[PDB]
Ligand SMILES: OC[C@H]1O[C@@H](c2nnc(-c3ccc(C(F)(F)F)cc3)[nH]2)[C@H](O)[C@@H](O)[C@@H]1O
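Starting off, we have a lone chain in the form deposited without the ligand, written out as structure tokens.
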């Protein structure tokens, strides 16, 4: 078997008795009534047993050495399953595979029983998860802090072609990886009012909610380091949530506890979109307030807070945890009694902010009346921060009255709002973009004024993905043939993949690379019929676009091409065309009407295309249901063509693009986000780039975008629009897609028509290359061998050195 570790004689034996120990004592089951679910749990408990020894010493180690601690605050942690990942980082995979084999069980069958920890929406949440893995592997004293939602991202079901949402009760059967720590429970306050006394302000008459932490281990890759991800759960106090007497009902008071506990009930399913609901604000303060208390308590142990920034670094994943800034000030000034200026100095020095997008509708602008009611003291502090900051601007740009209102944290208008992004820039010593182009756009556009004020704050840290889950875990076959030639060191040193460049002409390697891709496609084609049922051809080109559904991601542009391919086949049926299976998957936010309309369009196209006899097996349109982390681990290794076609300047970075590049897929995309650095790394000749560049989009906006022009000059495009309009794809409901056509023609913010011509032309070129297996594979090798820059180990090493002030280390911790 592969390099999933050694199957030692002693350890396979030990593993088996421990599996049986847990099956008996833990699951209280006996082999005659044990269900596959029981088997999965016995295995999970057995594997978890192997890292507790290390978990304890790692934490005890940090207490003894007392290094600078890194706190990664995020309202999202898209973790996925954790059994296999743990086996991989502990080098237990083969041993476990062997032991379960002898016990007569299929480890892979058991792995499929674990529920995904879908505590994230998409890119932002998955980045946090990849980062945690990298920080452990690089031996950093890092803690992931978030909310323990009992309901993560909804499960997507397709009914009559429409998306149906259903509760993700991932904790239903229990979570063997987490452990409640009811000793560090903390109180969080809400509402109340502010009393200004003789020696300071006081936040009074507040409603209290308790925060209970749950620890989940985050093991580094084979270095015996296990860090901690601490997730907070909301709990109602038993007193006032019953003790505020004088009629109401005792039963009711108890039932009403599910009001304070609703705070950690569900994750908001919005990807790159802001909804100013009070429940959202409560979750944001809740995670911030509890986390900070825990951070300061740890520090008080390790009162001159002058050294605080030397021992603490808190990274803000977007503006979601932005209240950490005014909350840190509140504690320092109100409770610790530090002078404003000393407090501010400390705050700015420990906080750093990461921007994830430039679309306005994703920007957090919280109405003042909301902050006024829920967090009165924080509003006062934000006003004071704004006051002193604007004074700084005025001093720097005397008389520039418009710049003052442009930079204010407070926005005037219909209703006053607080620009959380401006808050973060002012109270952070570092602000970074997630890709070189996005980082430049921030300085030239969105945060230009801030950049002019303090240029030193703005940096870039191109995103990355973990090669452990995204290669070794999901594509062992590819990881193995690579290791056969260059060794195993690249798993924690992805740059070494370049060494594969010297095998680009190796006949055996070319054959191998092509073989694992073919095995991956056969396995996925099988899984498709197994769990979803309705056949696909594994010899065709696997064209896949998987990511959340968004107008800016342009799944619609993908559809136009699919319809074009179909129309061409119907025009010349007996002409040869490279067979394709185009797969589009992704979830739409429940309130995003357009995004839900696009899913129906995709399934509607498949209904026509998939049953046309003249088309045969040359073209299949499949919608990948419930796209999530665990599903990504299956499709990506099986893809040939990765679609990254967002309008230039809208996708901050993207990460799925990197996952595809590492797994042997070629990329067709625009010069957007990280696509630019990937093409730059692999060489543009090895990439399928097309469409407008940022500049072209801007030129078009100056003169004005008119979709009619494109409709008028392109007969193929016109034909498609008239097919949608006449009900060709919706016979029973001829006007079903009027909203889509209307939008494309009159309010297309992402100019889908503008990139149509260059897109289908470019798609022609990928089909030409696919016809030449040998050359396709050689280009694949150029992409894989050149993907090393996109490992989150590189990203983290840069954050560590350029933002946190800590030195990464690949030193093995002193055994378990």
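Numbering follows the first chain given and starts at 1.
Omitted here: the form deposited with the ligand bound. The next part is about that form.
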Which listed residue (466, 463, 670, 347) meets the criterion of a heavy atom within 4.5 Å of the ligand in the bound PDB entry? 463
Would you mind picking the one in 584, 225, 434, 325 that has a heavy atom within 4.5 Å of the ligand in the bound PDB entry? 434
Residue 482: heavy atom within 4.5 Å of the ligand in the bound PDB entry? no
If you check in the bound PDB entry, is residue 320 within 4.5 Å of the ligand, heavy atoms only? yes
Is residue 117 close enough to touch the ligand in the bound PDB entry, meaning at least one heavy atom pair within 4.5 Å? no
Can you work out whether residue 124 and the ligand are in contact in the bound PDB entry, taking contact to mean some heavy atom pair no more than 4.5 Å apart? yes
Residues in which of 556 to 564, 265 to 273, 492 to 500, 700 to 708 have heavy atoms within 4.5 Å of the ligand in the bound PDB entry? 265 to 273
From first to last in sequence, which residues of 642 to 680 have any non-hydrogen atom within 4.5 angstroms of the ligand in the bound PDB entry? 651, 652, 653, 654, 655
